[PDB]
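First, one chain by itself: the form deposited in one PDB entry, in structure tokens.
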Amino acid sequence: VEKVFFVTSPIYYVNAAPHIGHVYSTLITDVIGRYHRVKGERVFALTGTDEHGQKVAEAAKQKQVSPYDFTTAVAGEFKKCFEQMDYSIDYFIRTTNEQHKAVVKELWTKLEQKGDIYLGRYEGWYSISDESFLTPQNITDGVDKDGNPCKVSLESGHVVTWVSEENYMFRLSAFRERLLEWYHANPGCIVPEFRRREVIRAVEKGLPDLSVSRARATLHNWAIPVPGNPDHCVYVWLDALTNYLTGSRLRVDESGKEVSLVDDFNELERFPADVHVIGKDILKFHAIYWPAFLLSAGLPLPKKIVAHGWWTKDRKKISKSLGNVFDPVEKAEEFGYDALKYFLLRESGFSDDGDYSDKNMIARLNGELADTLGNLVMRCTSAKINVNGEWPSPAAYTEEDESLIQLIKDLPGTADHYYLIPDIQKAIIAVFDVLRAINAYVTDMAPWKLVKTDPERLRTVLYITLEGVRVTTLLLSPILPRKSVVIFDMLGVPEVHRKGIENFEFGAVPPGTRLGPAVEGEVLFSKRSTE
């Protein structure tokens, strides 16, 4: 099937200003989309905001302003933040969008007509902050913001409350066996593997039915009405998950503004998502509820769900009220946007709760970006080594030459597999392993000495170095989008050779190609002092 590669981030609650968790999730989405664009594929990358529900509505009341004005303002902050981060996201969806609401009502009606929605009751615990139903096994004792005894979620530590309401119920219990068949038939569909195992164990134990409506007063009338019953509102999570279907059906003009909702997802060739990027905190919604709704509705299921961990800073909880802030834009103005992105994607794998420190940020910037990648770009482009300012024509290759050439040739196959898992950390590590080998080769060959002693030998060494730098930079371009352009300009790599799988091949840029012009004193990544 040739189709548009469809990658998504979660749509974020607009109860508070955007922060590092949101930036991180949308970054992963952006990187995956960018890599598929360098491969020459059609891509639709989606992000946005989750704007209905009790959580958001009560955050608006706290601030003493209307939900409409509140959500519009905070969604504006998210848009601004993501523009400042310099992503290449194709659309920003808001659940208040009138076309999204039509799609939610459509899906509801499908579920209902399929016989999978009935009027029942939920009597049980609920976390307003997570908008999540919890069993007694998933709560424990704790303290509310008055320091009085209460119950809290074991998952998140937020205050839980007991709910007893006539609700419309979705027959989730009936989808157990189909969900299990799905997980087993597609053993790569949840990443990392231990989270896949977690999902399977939970579904094995049995699934209760799920409340998909609430009484309208509980939500302060800030939600989508249930079709044919204006006393009930659609569960914010059914509403929110539907953004993925809605986005797959929106024609967007070149300004990023939605102009049209198509009738059938096949028209845009996006649905279902090839990758849903999510945090570990929202796995059950995406890996259990969502596919069950899709099965009920007769819609295709997503191919992969990738669930990452949670950031700390200086080995502590990130929080402004606690006195540990981690502002991405502040760190990006200090160290660079591409470099901050590199660090966030290099420092932690999806299976870990990563940790930022200025010390370690500087160690990676200096060690990897400046000393490994940056040093090598400067060397192979300098007037001292590359006296003709061009790609030289190589002479005969030695066995050592070819050992390096083999690593460069193998790199795209390997990086590609890692990007497709997706495991961005391993793709980056694979690229830098090759950068390190190129460096060791350059040290070994000492091209500076060759400029006088063996000009013919220098041609070979310099050519291999340039081509290694080009290939590694190409595979890093999803991670370092701005810096890869600077590097390609320095190398004088023609535009046409900066994307497409044709250019993953060793030898794509011909000898005789002229380097770009030098700028006196320019440097790609500048080292920072240990502070």
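Residue numbers here begin at 1 and follow the sequence given. Only the largest set of C-alpha atoms that superpose within 1.5 Å between the two forms is called the rigid core.
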query	finding
Other entries modelling both neighbours but not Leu322, at least a third	yes
Higher-scoring stretch by recorded Cα B factor average, 56-64 or 41-49	56-64
Entry-level comparison of average CA B-factors, 319-327 and 119-127, reporting the higher stretch	319-327
Selection from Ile11, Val519, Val14, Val23 [criterion: highest C-alpha temperature factor in the record]	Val519
Highest recorded Cα temperature factor - choice among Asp90, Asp231, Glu267, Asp239	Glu267
Lowest, middle or highest third - CA B-factor, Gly349	highest
Record-listed C-alpha B factor of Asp30: chain third	lowest
Within-chain third of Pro291 by Cα B-factor, per the entry	lowest
Third of the chain, ranked by Cα B-factor, where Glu98 sits	middle
Chain third (lowest, middle, highest) by recorded CA B-factor, residue given as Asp274	lowest
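Another form exists, deposited in another entry; not displayed. Remarks below refer to it.
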| query | finding |
| --- | --- |
| Displaced residue between the shown form and the other one, judged on C-alpha after the rigid core is fitted, out of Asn388, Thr312, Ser382, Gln406 (threshold 2 Å or more) | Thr312 |
| Yes/no, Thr140 Cα shift of 2 Å or more between the shown form and the other one with rigid core fixed | no |
| Core-superposed C-alpha of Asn186 shifting 2 Å or more between the shown form and the other one | no |
| Core-superposed C-alpha of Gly354 shifting 2 Å or more between the shown form and the other one | yes |
| Distance trend in the other form - C-alpha atoms of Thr312 and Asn360, change of 3 Å or more | farther |
| Note on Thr312-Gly53 C-alpha separation in the other form, which departs from the shown form by 3 angstroms or more | closer |
